[PDB]
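Student: Below is the sequence, then the experimental coordinates.
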Amino acid sequence: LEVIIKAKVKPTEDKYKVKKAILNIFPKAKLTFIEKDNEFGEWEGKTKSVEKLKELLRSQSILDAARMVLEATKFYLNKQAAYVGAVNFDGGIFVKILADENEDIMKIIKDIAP
Amino acid sequence: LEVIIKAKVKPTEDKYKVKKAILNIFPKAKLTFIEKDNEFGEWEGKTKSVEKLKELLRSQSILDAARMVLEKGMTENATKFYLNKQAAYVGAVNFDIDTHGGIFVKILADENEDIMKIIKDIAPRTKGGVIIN
C-alpha cells in the first residue's frame, strides 16, 4: 500500500488548516507544501497507513458508502469535513491508494471497506 | 444607494483573509462576523460606496462583462451578483463564484434612485473600450 495525497490551497485558505484536514485522516502522511502564483499553493504527501481512515469509516458507520466510492483507486474527500475530523465524499483532498505489483487493489478495498 | 455583502468563511479559510478580500473591493464596508456550524462562519456588512468597484471595472477594462452581470441580476429596485473570492483577495474583480462561495453582493436603490441608472453609472456601455456617456 502506498497512499498519494494532494490538496490545493487557495488564496483565502490557511495552508495549515488544510494540512490539519489531511492529517486528521492520514496522520502518518509526510507532507510538503509547494507555493504557486497569485497566492495559490498545494500540499503533496504520502503515507503507508490507512488505519485512521479505516477507523473512521467504521466509527462513522459509512463502510458501504465508502466501498461504493472506492470501486489502484482514486477518490476525493471533502476538505471541510476532514477539518473537523470527518470522512466525506461529496476541490477536496485527492487520494489515491495504489497496491504494489504483488497485491490486488480489490483485496485492499475489502480490508478498508468491508 | 446601499450595498449588502455576505461571504461565507469555510473551516479551512482564514476569516481575516476573506474579510480583506471584501475590503479590497468595498473599502468602506462595515463588517460583522458570525459563527455557524462545523467551523463554518460568515461575514455580513454594508457600504453606500461603489467607488472602488467602479475604478476596478474600468482599470481591468471589464465594463462589458459587469454590465451584463448587473442587468442579469436586476430586479425593480436592486441587482445582485457574486464576486470571486480568490480574485478579490489579490485586488481583482471577477464574477465567477470560486470553489469557496464567492462574495454575494446586493446593490439597493433608494426610493429616489433608479436602479438602471445606478447600473449605467457603474458599468457604462462602450465602443472600443471607451465609455459612452
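Tutor: That came through fine. Numbering: from 1, shown residues only, chains lettered A, B, ... in the order given.
Student: SS state for the spatially most central residue of chain A?
Tutor: Geometric centre of chain A, nearest residue: residue A:95, 4.4 Å, by C-alpha atoms, centre = their mean. Put simply, residue A:95 is strand when judged by DSSP: H, G, I helix; E, B strand; the rest coil.
Student: Check residue A:52 too.
Tutor: Judged by three-state DSSP, the three-state class of residue A:52 is helix.
Student: what does the one 3 residues further on give?
Tutor: Reducing the assignment at residue A:55 to three states with three-state DSSP gives helix.
Student: what's the burial count for it?
Tutor: Other residues within reach of residue A:55, judged by other C-beta atoms under 10 Å in any protein chain shown, total 12. In this view, the C-beta of every residue, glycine as well, is placed from N, C-alpha and C.
Student: Residue A:50 too?
Tutor: As a measure of burial, residue A:50 has 19 neighbours, counting by other C-beta under 10 Å.
Student: which ones are touching it?
Tutor: If you count contacts by C-beta atoms under 8 Å, 6 or more residues apart in numbering or on different chains, residue A:50 has them with A:1, A:3, A:26, A:97, A:112.
Student: go with 10 Å
Tutor: Residues in contact with residue A:50, defined by C-beta atoms under 10 Å, 6 or more residues apart in numbering or on different chains, are A:1, A:3, A:25-26, A:28, A:57, A:95, A:97, A:108, A:111-112.
Student: Can you list the buried residues in stretch A:73-91?
Tutor: Residues of stretch A:73-91 classed as buried by neighbour count (16 or more other C-beta atoms under 10 Å in any protein chain shown): A:73, A:76-83, A:86-88.
Student: Over to stretch A:58-69?
Tutor: Neighbour-count burial for stretch A:58-69, with 16+ other C-beta under 10 Å as criterion, is recorded at A:62, A:65-66.
Student: Equivalent analysis for stretch A:26-35, please.
Tutor: Neighbour-count burial for stretch A:26-35, counted by 16+ other C-beta under 10 Å, picks out A:26, A:29, A:31.
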